[PDB]
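**Student:** Below you will find the structure I want to go over with you.
Cβ atoms come from the backbone with ideal geometry, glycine included; neighbour counts cover every protein chain shown. Laboratory data are not the source of any read-out in this text; all were calculated from the coordinates shown.
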Amino acid sequence: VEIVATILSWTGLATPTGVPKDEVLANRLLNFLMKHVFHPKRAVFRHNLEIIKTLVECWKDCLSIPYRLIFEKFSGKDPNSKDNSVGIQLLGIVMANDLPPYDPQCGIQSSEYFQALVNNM
């Protein structure tokens, strides 16, 4: 977290996108950050979400917005435990800036992802 903070601290200077190797490194970076995020102590959960939000807000060009992991996050049934929360918070994170939630370009078809969302509603 300190390395990603000190490298994102200089916008307008050494842009991470456009580099023909750091693109395919940063996608692995972003998917790892989206993977390991939960952390049952509530206080640094918000810091993890803030690091993800600042990352997508600053990079924004090498897109690679990864699906089906949020779908695995919120597709879980049995409405007694809040295991679907991370999917909708992270979808709000990717939605609230830009970048539409278009499913059927890489992941699943659009006709079922929205239904999964409405079904957990």
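**Student:** Grab the chain and count how many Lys pairs have their alpha-carbon atoms under 15 Å apart, sequence gap of 8 or more, or different chains.
**Tutor:** Number of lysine pairs found: 4.
**Student:** For residue 89 paired with residue 111, estimate the spin-label separation in nm (one decimal), with each label point 7 Å from Cα along the Cα-to-Cβ line.
**Tutor:** 3.4
**Student:** Separation between the residue 80 and residue 102 pseudo-spin-labels, each 7 Å from Cα along Cα→Cβ, expressed in nm?
**Tutor:** 4.2
**Student:** Tilt of helix 22-35 relative to the longest C-alpha principal axis of the chain, in degrees (0 to 90, nearest 10)?
**Tutor:** 40
**Student:** Pulled fully out, how much extra length does the chain show between residue 10 and residue 61, if you take 0.36 nm times their separation in residues and subtract their Cα-Cα distance?
**Tutor:** The span from residue 10 to residue 61 would gain 16.7 nm if fully extended.
**Student:** Region 15-109: Rg/Rh from Cα coordinates, Kirkwood Rh?
**Tutor:** 0.97
**Student:** Taking the Cα atoms only, what angle lies between the long axis of helix 85-97 and the longest principal axis of the chain, rounded to 10 degrees?
**Tutor:** Computed tilt is about 50 degrees.
**Student:** While we're looking at this one, here's another question. Rounding to the nearest 10 and keeping the result within 0 to 90°, find how far the Cα-based axis of helix 42-59 lies from the longest principal axis of the chain.
**Tutor:** 60
**Student:** Follow-up. Any chance you could check the Cα centroid distance between region 71-115 and region 37-67 for me, in angstrom?
**Tutor:** First find each Cα centre; the distance between them is then 15 Å.
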